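Notes follow once the structure below has been shown.
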Amino acid sequence: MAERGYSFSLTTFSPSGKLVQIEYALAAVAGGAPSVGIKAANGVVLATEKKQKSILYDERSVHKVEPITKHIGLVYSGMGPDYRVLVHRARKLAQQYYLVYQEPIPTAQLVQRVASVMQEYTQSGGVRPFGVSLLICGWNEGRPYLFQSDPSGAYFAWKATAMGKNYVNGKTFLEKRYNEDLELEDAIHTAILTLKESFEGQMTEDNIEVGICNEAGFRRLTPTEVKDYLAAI
Amino acid sequence: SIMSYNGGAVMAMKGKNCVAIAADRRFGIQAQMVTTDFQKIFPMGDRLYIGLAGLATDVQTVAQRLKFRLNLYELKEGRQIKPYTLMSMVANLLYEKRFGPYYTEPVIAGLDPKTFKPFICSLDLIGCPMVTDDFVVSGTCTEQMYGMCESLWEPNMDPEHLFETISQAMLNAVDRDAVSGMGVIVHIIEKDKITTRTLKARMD
Amino acid sequence: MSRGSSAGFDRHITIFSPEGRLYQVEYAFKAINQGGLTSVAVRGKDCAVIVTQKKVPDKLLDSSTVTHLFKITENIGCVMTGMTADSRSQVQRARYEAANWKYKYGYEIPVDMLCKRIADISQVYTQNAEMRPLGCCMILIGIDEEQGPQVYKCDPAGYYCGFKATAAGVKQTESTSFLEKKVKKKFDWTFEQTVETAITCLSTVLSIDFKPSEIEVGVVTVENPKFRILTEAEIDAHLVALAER
Amino acid sequence: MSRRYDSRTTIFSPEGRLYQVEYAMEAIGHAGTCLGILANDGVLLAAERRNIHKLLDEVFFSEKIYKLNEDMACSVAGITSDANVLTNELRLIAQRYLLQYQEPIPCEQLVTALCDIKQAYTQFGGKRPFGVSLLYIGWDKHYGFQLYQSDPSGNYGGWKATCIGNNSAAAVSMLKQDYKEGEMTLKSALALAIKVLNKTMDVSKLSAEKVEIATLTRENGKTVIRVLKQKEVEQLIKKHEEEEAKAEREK
Amino acid sequence: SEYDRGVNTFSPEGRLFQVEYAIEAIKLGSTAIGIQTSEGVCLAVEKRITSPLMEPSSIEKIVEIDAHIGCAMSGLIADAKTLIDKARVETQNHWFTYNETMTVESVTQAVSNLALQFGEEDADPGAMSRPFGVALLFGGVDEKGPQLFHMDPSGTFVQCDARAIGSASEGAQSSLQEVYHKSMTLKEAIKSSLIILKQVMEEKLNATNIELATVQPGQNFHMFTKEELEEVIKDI
Amino acid sequence: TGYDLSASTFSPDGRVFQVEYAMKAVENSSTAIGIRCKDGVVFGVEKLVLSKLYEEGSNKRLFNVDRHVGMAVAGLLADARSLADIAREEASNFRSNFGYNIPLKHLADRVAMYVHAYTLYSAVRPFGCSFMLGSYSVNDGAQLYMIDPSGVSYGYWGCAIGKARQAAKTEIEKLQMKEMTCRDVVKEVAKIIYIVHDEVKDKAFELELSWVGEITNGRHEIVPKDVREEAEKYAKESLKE
Amino acid sequence: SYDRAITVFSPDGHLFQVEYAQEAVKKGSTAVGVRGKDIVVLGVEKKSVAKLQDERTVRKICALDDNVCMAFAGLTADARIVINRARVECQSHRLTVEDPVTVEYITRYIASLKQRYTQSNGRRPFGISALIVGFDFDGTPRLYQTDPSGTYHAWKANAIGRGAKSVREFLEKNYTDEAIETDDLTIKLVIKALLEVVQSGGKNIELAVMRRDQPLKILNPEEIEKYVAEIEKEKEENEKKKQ
Amino acid sequence: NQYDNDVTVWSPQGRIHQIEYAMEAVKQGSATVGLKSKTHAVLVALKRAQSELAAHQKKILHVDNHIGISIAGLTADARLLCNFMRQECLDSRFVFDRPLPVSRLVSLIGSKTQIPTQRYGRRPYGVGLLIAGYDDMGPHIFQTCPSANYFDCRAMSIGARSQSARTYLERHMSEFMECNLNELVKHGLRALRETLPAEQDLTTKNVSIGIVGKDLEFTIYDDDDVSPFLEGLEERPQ
């Protein structure tokens with residue numbers, strides 16, 4: 001046994017100037033389950049599909065939409081255990097910020113710290129980059145925020161976006177459906193419709209997970225609320 | 001004993017929509033005066049000031065390290081720090097030295113950015129914050145300052161009444177302390193302007 | 001990129017292939033089947049049962065030491081599938097994590113928390129290149145006071161999940177389809193029905209009638225939350241009851 | 001083990017070259033165009049906005065321009081998250097100098113410290129280099145207004161007018177032809193920047209939402225760094241279009 | 001090509017590849033000759049000046065280790081710098097601790113202990129990554145009389161009556177074998193060293209092409225000045 | 001295709017070939033056997049004499065790792081010696097920390113986990129040895145464990161490791177060792193060792209014998225010279241028919 | 001913690017990384033040092049003039065101390081690292097010893113640093129060569145050259161970088177006591193040597209001069225142009241009068 | 001091939017090639033013989049001269065008053081190991097005020113030299129040792145190898161052409177135990193001579209003898225002290 005990891009980078013520059021490992025992590029993301037984020041005028045909705053491979057799976061056991069703080073929520077597309085690592089790190093970073101400043105971390109600050117961690121894994125010794133893309137929602141200063149953080153460590157602010165399978169078509173659908181001044185209920189309907197575009201089979205209140213962020217904070221929708229929204233559609 | 005090595009006195013006071021912060025100006029070593037224009041009140045924003053009493057070396061060190069951290073904060077976040085956040089940052093800085101403490105007791109006076117609600121607070125040398133609604137004092141003549149402020153302070157003072165109140169409190173308190181004085185500087189922070197004044201004071 | 005594309009050292013270390021796959025993790029999943037055994041776990045309304053295949057080819061082997069059933073705490077049991085030494089290292093890690101959780105937080109670790117901890121530890125192997133992932137799969141059973149019986153499975157990829165029923169090993173696909181059929185026609189599962197369902201799943205996918213020395217059974221119940229391994233007498237009673245029907 | 005999987009990022013090639021640095025420079029050449037122009041009364045950065053999409057939320061301050069301290073700012077080209085790492089390091093270096101001397105750091109010293117970090121990654125540690133080229137604009141009491149450019153190799157140089165990123169060579173030819181040393185004002189420098197960005201961004205027409213312009217000037221002994229508003233860039237582009245139309249009418 | 005094997009890999013013949021390659025590197029060095037007589041040790045090195053503009057006095061292929069010990073080097077001189085610094089430190093350490101002069105053999109042993117202290121793993125940061133590319137001739141006078149030792153990058157050190165190192169060490173060694181007898185005088189040793197250097201040197205041998213030094217019982221390490229060099233060379 | 005070079009790499013079939021190559025190193029060593037009777041454990045090793053220049057007892061493959069625990073090894077002897085040092089350290093630390101003799105099952109688990117720790121990394125090499133641990137006590141009885149290069153530890157009634165382990169296991173199966181005592185097991189062990197030796201392939205060998213049980217007051221020790229000579233005579237007689 | 005051996009011996013006895021660092025040196029702009037009686041002159045070619053570049057920021061000649069300066073060829077950033085280390089060493093030497101460094105002392109320090117980088121784990125050699133000139137306390141002019149391998153020598157005149165072979169041939173054919181009798185003649189020798197390889201006839205030349213007891217002096221373009229005109233005038237005079 | 005560069009790589013045949021190459025390193029060295037009687041342990045080393053004008057390389061080293069060694073293979077590795085053994089002997093004398101038993105020292109050597117055979121980027125020691133010792137158990141001859149295996153021997157020879165010496169020792173091993181010191185040394189000298197070329201003979205220049213005994217602290221005889229042992233040697237039988 002020897003606990004020393006490799007000290008050389010596994011992500012290096014190709015002769016054409018590209019870091020191919022990050023592009024392959026992006027391919028892993030593009031093979032993931034569809035995720036949608038929509039920033040309404042008074043909140044953000046994050047909707048993902050969780051279609052289990054069997055009825056033997058307990059749907060309630062694992063969650064893909066996760067709280068980071070009382071005001072920040074997370075969802076991902078890509079590889080789930082990498083996502084768990086990043087969720088744990090984001091919660092710890094938010095807590096450290098709260099310990100220093102005694103106010104909840106602004107969404108942009110937490111996005112920056114998480115993206116910094118992802119960049120570290122694009123450059124440090126003996127590791128591969130994370131194989132996930134994160135959608136991060138938050139409410140700060142009476143304002144909703146929606147960010148996407150990629151495996152390279154680059155983050156973007158979005159009004160509405162999609163990740164995972166069929167995300168190009170999802171983006172086209174969003175940009176031909178999204179408008180400003182939208183309310184949170186209509187954004188929830190639009191997010192569920194965007195999931196429905198790429199969904200295969202019947203969508204039920206257990207096939208999808210929905211989280212919302214507004215002034216009251218971030219919370220996961222119970223399957224009963226999701227069933228009500230699906231009935232409305 | 002250590003906190004009294006250089007002397008010094010700082011006071012902050014709350015007005016209706018304004019704050020006041022005042023400090024003595026003497027720098028001295030034990031009984032000997034060295035200078036009479038030592039800076040104890042540092043701006044940490046457009047409408048936010050911190051006054052430091054205690055060891056002069058720790059006054060300067062803490063002001064500079066706080067400026068370090070505040071500049072980094074305001075570059076990472078494209079906003080000005082709020083007074084409560086500044087108080088928390090100061091408390092964290094002081095508590096990092098829990099067993100090797102800086103010998104300063106900060107006082108913070110400011111207006112909320114985008115809200116302009118007056119905020120005052122004081123911290124002990126290891127960073128225990130105390131927010132009040134009337135006044136905070138720090139330094140070597142806190143008993144005299146407490147007498148003056150408890151007698152003279154009134155709620156909802158306009159900036160001119162606030163200036164007179166904090167001026168009289170500081171002047172009569174430092175007139176009764178051996179190692180403070182040699183002039184008083186007062187800052188009045190309103191939402192639209194900052195007024196800095198030096199008071200006519202005894203020089204003995 | 002292309003289906004089954006490879007570039008560089010993606011077949012030797014845990015780095016992404018052009019399609020974004022980790023081939024070493026898939027190879028570890030095959031290492032699980034290298035062991036040649038199969039285990040099934042079933043959740044009842046008041047119990048959870050793990051039944052694993054027990055094979056002792058030679059009489060020189062002390063049978064009492066040939067077990068894939070372990071107790072992690074008094075109330076948490078596990079069945080391991082795959083490489084035996086990897087399995088035992090994971091069992092030791094799980095026992096340590098449970099003891100430390102009790103020491104630090106003052107109450108017994110929930111089953112889902114232990115599964116998540118083990119899964120995090122193995123995700124680390126999926127992301128660091130200098131070590132191989134363990135070639136084993138862990139199934140945990142326990143009783144949570146709030147939610148009843150718990151069956152959780154964690155795999156070499158670092159993925160973990162709760163199950164109504166689950167299987168691991170060589171014939172786990174056939175076992176999963178059988179359990180899907182049994183759970184679709186949902187009826188109230190007593191302790192006896194849960195044990196019989198697990199045993200009949202193993203016997204039907206392995207295509208053999210069982211004997212008390214050929215299988216190993218561990219249970220947790222709401223009445224008795226402590227993890228206990230059935231002796232050959234109890235297993236033979238269950239087997240007789242299953243054979244007559 | 002290590003030896004067979006090691007990429008050997010920090011070794012010389014048989015021709016005396018550092019391959020990883022050259023490939024990082026290729027990455028730089030891919031990225032969005034950044035331009036820097038120094039005038040007599042200030043200095044400016046003009047960067048092509050590569051995050052253009054109708055669903056993108058409006059940027060907080062600027063996509064590619066980062067304030068570094070009270071007197072300096074920078075623009076980046078290349079890998080974005082590497083640029084985030086580097087800009088945080090720059091802010092830390094400037095504040096460390098301020099803490100030590102109680103004066104703002106001179107621009108060249110800040111550039112030199114960051115370039116030393118870059119060189120260290122080029123020489124030892126087995127890590128890949130940072131894929132970022134930077135433009136720096138600043139003012140100090142020693143040399144006034146200054147423009148600097150730094151590479152992934154850790155080389156840096158001062159310039160009157162320079163460009164990095166996409167089509168930077170054609171932009172440099174434009175600058176060589178059109179820049180007039182010792183006579184540039186911020187108005188003429190802004191006009192030159194608009195014309196250069198018009199040529200460099202040949203595929204996409206100049207619109208105020210495709211470019212970001214920041215100017216650094218001095219007012220009352222303070223340094224003012226301002227990103228121009230969308231309407232100001234619109235007016236500059238309109239003025240450039242009028243200039244082009246009248247120059248065509250003359251010809 | 002060169003990173004396939006680690007620096008501490010044995011060949012199928014039982015040799016460390018890197019040590020063999022360093023031995024090969026020494027064949028590219030200039031020729032040095034040491035001769036041990038009963039009256040002292042003489043060392044002579046070809047400077048091998050490449051350009052007229054170079055100052056030959058800046059080439060130091062013979063150095064004083066201690067007042068009683070000198071060292072001639074061949075191969076890669078920059079590598080020899082650290083070994084020589086270690087030798088000087090060890091002699092001064094021995095003087096500090098025991099108030100006496102270190103013997104030539106113990107100094108050579110101390111320097112040879114460094115030859116194989118290279119590796120990639122299980123090392124402190126900055127530790128030697130490869131063997132030294134130098135061969136050393138230590139010439140000294142201790143209580144056992146005048147002694148000459150040869151050290152090579154394998155870490156083997158041997159006592160020698162006369163030895164040549166460098167590019168022409170084979171022909172020079174054959175010449176040494178015929179020329180050298182036990183009762184040789186130091187003047188004859190110096191003359192024979194210069195004769196063999198003249199034979200093997202590609203350039204003509206004058207007072208600036210060579211370094212020559214002697215250690216004698218009762219006289220410290222003495223580097224021959226160019227006037228003394230011309231005194232010796234005038235009749236060759 | 002380059003999948004067999006590190007213990008930190010899985011082959012596409014799910015195999016770690018470096019551990020299998022270490023096992024092959026074990027399969028080439030000479031045979032050691034252990035037999036667990038009702039009142040003890042007996043170890044017998046066929047120690048090949050490679051040179052007549054060697055002394056008797058050179059390169060012994062039986063170790064005392066604790067007062068009550070003996071060790072029989074096969075494979076790379078230097079690896080086996082380092083593992084015996086590891087086992088001694090584990091036993092001594094257990095006594096220091098918990099205040100009594102380490103149970104054999106616990107010692108086997110600890111050493112097996114130490115062995116398994118060398119099958120995960122490219123920075124180390126799997127051990128090229130397998131071994132048996134034997135112990136006896138009144139409270140725990142007789143116990144015989146076997147550990148292989150992968151780190152798998154199992155309890156046995158009889159065990160063979162080395163070149164001829166299948167033939168040795170066949171010979172062991174013919175024994176009613178559950179009711180036998182150490183006295184007659186020693187003869188049976190010597191007979192099995194003499195049977196599985198190949199005089200043509202290997203010229204000469206010494207017969208190393210040790211035991212632990214109620215006969216030795218729960219102390220692992222070399223079998224005394226009288227019993228060893230009697231067992232050797234009986235084995236030689238059994239060879240002749 | 002990266003502990004790879006980067007510089008290793010090849011089967012023919014070569015250190016390929018050192019040879020590649022030397023090839024990196026050979027691609028640098030030409031640098032020439034000439035040591036005179038009362039003056040030391042350094043001159044560096046500028047491979048191209050960008051016409052938009054601030055000259056002060058890209059100078060290849062820098063002062064290590066009051067009495068010591070150096071030019072370099074090869075990689076600019078490696079040169080910056082080496083120069084900063086030498087400057088720290090010069091200050092520390094002024095502290096621990098109450099005198100300034102000799103040129104040979106700081107040359108020895110630079111050479112040993114380069115050698116350390118040829119024989120330590122996890123790092124490649126420096127890709128620069130240095131010309132170090134100065135005056136000792138005795139007032140003796142000194143000129144030294146260091147290379148990536150860690151070897152250093154003293155020279156009357158030397159050239160490093162690209163085209164250094166032709167410049168060294170010219171200096172061997174031209175360096176003489178009469179050719180360095182005055183400071184102007186020494187400077188003209190440096191400029192003539194540079195003109196053997198540079199294009200555009202003296203606009204691509206940076207020249208620095210160190211005199212005894214005086215700080216480093218950099219010639220502005222006016223002085224360089226005046227010297228170039230003097231050199232061309234002398235060429236014309238020799239051609240016409242002799243032919 | 002792909003299996004013969006690293007000491008951590010098992011070959012598909014169950015061998016480690018780097019260890020065997022270090023064994024070859026030992027086999028390249030000059031021969032040395034060690035043997036013991038009831039009361040004495042003798043090492044006789046054939047020294048080799050690089051050139052005609054060089055001294056013959058030292059082969060016999062002092063470890064402690066009761067322990068000496070002779071080396072084959074890489075000399076610098078042998079110096080490392082000799083320093084380690086000397087430090088162990090001094091530690092034993094410091095802590096227990098008793099000479100370290102020889103077999104315990106050999107076990108320490110085996111433990112120390114096994115470690116680099118399992119760790120990546122390490123190499124085996126390329127030295128074989130003959131260890132002559134005397135302690136409470138009498139005289140001892142031990143042989144240590146690059147594989148970290150060690151052997152307790154009646155007699156042994158290692159180095160180049162050592163098989164002839166081993167054959168001679170096989171022949172006279174029965175005689176060795178009752179030999180007196182001179183006869184034992186002469187047996188060792190004949191065994192060493194069996195490894196020589198036809199032209200070469202044993203001389204006071206190329207023979208080194210180390211002796212340890214019951215009342216005799218370990219002593220080395222090099223040039224002129226060897227002559228009494230060389231006197232009386234019959235000419236080579238041929």
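Each chain in the structure tokens gets a letter, A, B, ..., in the order shown, and its residues are numbered from 1; ligands are numbered from 1 in order too.
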| Near segment 70-73 of chain C, counting only C-alpha atoms, which residues have an atom at most 7 Å away, once you skip same-chain residues fewer than 5 positions from it, shown as a PyMOL selection string? | chain C and resi 78-79+94-95+227
| query | How would you write, as number ranges by chain, the set of residues in segment 2-230 of chain C that DSSP gives as strand (DSSP E)? | reply | C: 38-43, 47-53, 69-71, 77-82, 136-144, 148-154, 160-162, 165-169, 215-221, 228-229
Prev. selection, C-alpha atoms, output as a short mmCIF file (atom, residue, chain, number, x, y, z; two decimals), in the first residue's frame:
data_model
loop_
_atom_site.label_atom_id
_atom_site.label_comp_id
_atom_site.auth_asym_id
_atom_site.auth_seq_id
_atom_site.Cartn_x
_atom_site.Cartn_y
_atom_site.Cartn_z
CA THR C 38 -25.53 -14.38 -6.38
CA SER C 39 -27.38 -12.69 -3.53
CA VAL C 40 -30.92 -11.32 -3.22
CA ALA C 41 -32.38 -8.83 -0.74
CA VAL C 42 -36.12 -8.32 -0.21
CA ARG C 43 -37.96 -5.71 1.86
CA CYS C 47 -38.68 -6.99 7.84
CA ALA C 48 -35.76 -7.07 5.45
CA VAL C 49 -34.12 -10.33 4.37
CA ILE C 50 -30.82 -11.04 2.62
CA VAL C 51 -30.24 -14.49 1.09
CA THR C 52 -26.89 -15.29 -0.49
CA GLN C 53 -25.60 -18.34 -2.30
CA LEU C 69 -23.10 -12.15 5.48
CA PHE C 70 -21.65 -9.68 7.97
CA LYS C 71 -23.02 -7.52 10.75
CA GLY C 77 -26.48 -6.33 8.33
CA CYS C 78 -24.84 -6.66 4.95
CA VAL C 79 -24.25 -9.14 2.16
CA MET C 80 -21.18 -8.71 -0.02
CA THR C 81 -20.81 -9.82 -3.63
CA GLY C 82 -17.66 -10.00 -5.75
CA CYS C 136 -17.40 -5.69 -4.85
CA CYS C 137 -21.01 -4.66 -4.25
CA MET C 138 -22.54 -4.12 -0.81
CA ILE C 139 -26.18 -4.64 0.16
CA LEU C 140 -27.20 -3.31 3.58
CA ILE C 141 -30.37 -4.05 5.54
CA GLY C 142 -31.62 -2.37 8.68
CA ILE C 143 -34.60 -0.88 10.48
CA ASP C 144 -35.15 2.87 10.61
CA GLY C 148 -39.40 0.87 8.64
CA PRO C 149 -37.19 -1.75 6.98
CA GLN C 150 -34.41 -0.51 4.71
CA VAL C 151 -32.52 -2.23 1.88
CA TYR C 152 -29.74 -0.17 0.31
CA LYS C 153 -27.21 -1.12 -2.33
CA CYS C 154 -23.90 0.51 -3.24
CA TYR C 160 -26.13 3.88 -4.20
CA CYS C 161 -29.88 3.51 -3.92
CA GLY C 162 -32.68 2.23 -1.75
CA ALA C 165 -35.90 -5.62 -3.61
CA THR C 166 -32.54 -6.03 -5.29
CA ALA C 167 -29.95 -8.59 -6.34
CA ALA C 168 -26.23 -8.77 -6.99
CA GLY C 169 -23.88 -11.13 -8.79
CA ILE C 215 -27.65 -20.73 1.23
CA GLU C 216 -27.15 -18.14 3.95
CA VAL C 217 -29.98 -16.00 5.35
CA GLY C 218 -29.93 -12.88 7.48
CA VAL C 219 -32.90 -10.87 8.67
CA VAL C 220 -33.95 -7.72 10.48
CA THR C 221 -37.49 -7.28 11.77
CA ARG C 228 -29.38 -12.13 13.00
CA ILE C 229 -28.23 -14.94 10.72
#
| Residues of chain C within 9 Å of chain D, using only C-alpha atoms, as a ChimeraX atom specification? | /C:9,13,130
Spatial neighbours of segment 102-117 of chain E, 6 Å, only C-alpha atoms, chain gap at least 4 places, as a tab-separated table (two decimals) with N, CA and C atoms, in the first residue's frame:
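Written out: selection36.tsv:
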chain	number	residue	atom	x	y	z
E	91	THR	N	36.49	17.50	4.66
E	91	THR	CA	37.81	17.69	5.25
E	91	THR	C	37.76	18.70	6.39
E	140	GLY	N	46.97	13.11	-2.71
E	140	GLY	CA	47.22	13.73	-1.43
E	140	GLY	C	48.42	13.14	-0.73
E	142	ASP	N	49.24	11.96	3.19
E	142	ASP	CA	48.79	11.75	4.56
E	142	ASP	C	49.85	10.96	5.32
E	153	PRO	N	31.74	7.31	-11.50
E	153	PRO	CA	30.33	7.55	-11.13
E	153	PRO	C	29.62	6.34	-10.55
E	155	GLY	N	30.60	4.92	-8.06
E	155	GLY	CA	30.91	4.98	-6.66
E	155	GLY	C	32.07	4.11	-6.23
| field | chain H contacts to chain D at 10 Å (only C-alpha atoms) as a count of residues only | value | 5
| field | Nearby residues (only C-alpha atoms) at most 10 Å from segment 90-100 of chain G, same-chain spacing under 4 positions excluded, as a ChimeraX atom specification | value | /G:64-68,84-86,105-106,109,136-137
| task | Kindly determine which residues of chain H lie within 6 Å of chain E, considering only C-alpha atoms, and give the answer as a PyMOL selection string. | result | chain H and resi 21-22+24-25+53-55+76+121+123
Keeping only N, CA and C atoms, write the selected residues to a file as a compact mmCIF listing (two decimals), in the first residue's frame.
# COMPACT_ATOMS: atom_id res chain seq x y z
N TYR H 21 18.08 -9.62 -12.42
CA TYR H 21 19.16 -8.82 -12.98
C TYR H 21 20.12 -8.35 -11.90
N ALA H 22 19.60 -8.02 -10.72
CA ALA H 22 20.48 -7.74 -9.58
C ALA H 22 21.29 -8.98 -9.18
N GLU H 24 22.35 -11.11 -11.31
CA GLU H 24 23.43 -11.08 -12.30
C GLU H 24 24.52 -10.10 -11.90
N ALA H 25 24.13 -8.95 -11.34
CA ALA H 25 25.10 -8.00 -10.82
C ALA H 25 26.03 -8.67 -9.81
N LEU H 53 48.52 -0.90 -12.78
CA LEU H 53 49.05 0.09 -11.85
C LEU H 53 48.07 0.46 -10.74
N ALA H 54 46.97 -0.26 -10.61
CA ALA H 54 45.99 0.02 -9.57
C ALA H 54 46.13 -0.98 -8.43
N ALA H 55 45.79 -0.54 -7.22
CA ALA H 55 45.66 -1.47 -6.11
C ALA H 55 44.42 -2.33 -6.30
N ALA H 76 29.23 0.29 -4.00
CA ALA H 76 28.59 1.35 -3.23
C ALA H 76 27.38 0.83 -2.47
N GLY H 121 9.70 2.49 -8.22
CA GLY H 121 10.80 3.41 -8.31
C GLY H 121 11.99 3.07 -7.44
N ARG H 123 14.94 -0.03 -6.34
CA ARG H 123 15.65 -1.14 -6.96
C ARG H 123 16.23 -2.04 -5.88
| task | Quote the spacing between atom CA of residue 36 of chain F and atom CA of residue 103 of chain F in Å to one decimal place. | result | 16.0 Å
Return as a Markdown table the residues of chain G lying at most 12 Å from chain A, together with the closest atom-to-atom pair for each and the distance in Å to one decimal, counting only C-alpha atoms, with rows in chain order and ascending residue number.
| residue | atom | partner | partner_atom | distance |
| --- | --- | --- | --- | --- |
| G:1 | CA | A:7 | CA | 6.5 |
| G:2 | CA | A:7 | CA | 5.2 |
| G:3 | CA | A:7 | CA | 8.2 |
| G:4 | CA | A:8 | CA | 9.3 |
| G:122 | CA | A:8 | CA | 9.9 |
Residues from last step as file, N, CA and C atoms, as a PDB file, in the first residue's frame:
ATOM      1  N   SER G   1       5.967  17.996  -5.022  1.00  0.00           N
ATOM      2  CA  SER G   1       5.712  16.574  -4.853  1.00  0.00           C
ATOM      3  C   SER G   1       5.856  15.814  -6.170  1.00  0.00           C
ATOM      4  N   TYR G   2       5.961  16.541  -7.279  1.00  0.00           N
ATOM      5  CA  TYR G   2       6.303  15.924  -8.557  1.00  0.00           C
ATOM      6  C   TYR G   2       7.796  15.621  -8.563  1.00  0.00           C
ATOM      7  N   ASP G   3       8.150  14.344  -8.616  1.00  0.00           N
ATOM      8  CA  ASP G   3       9.511  13.900  -8.349  1.00  0.00           C
ATOM      9  C   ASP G   3      10.088  13.104  -9.510  1.00  0.00           C
ATOM     10  N   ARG G   4       9.627  13.377 -10.721  1.00  0.00           N
ATOM     11  CA  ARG G   4      10.144  12.703 -11.901  1.00  0.00           C
ATOM     12  C   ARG G   4      11.566  13.158 -12.197  1.00  0.00           C
ATOM     13  N   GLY G 122      11.915  16.578 -10.998  1.00  0.00           N
ATOM     14  CA  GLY G 122      10.699  17.322 -11.229  1.00  0.00           C
ATOM     15  C   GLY G 122      10.847  18.655 -11.922  1.00  0.00           C
TER      16      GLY G 122
END
| remark: Judged by only C-alpha atoms, the minimum distance to chain A among B:76, B:25, B:191, B:69 is found for B:76
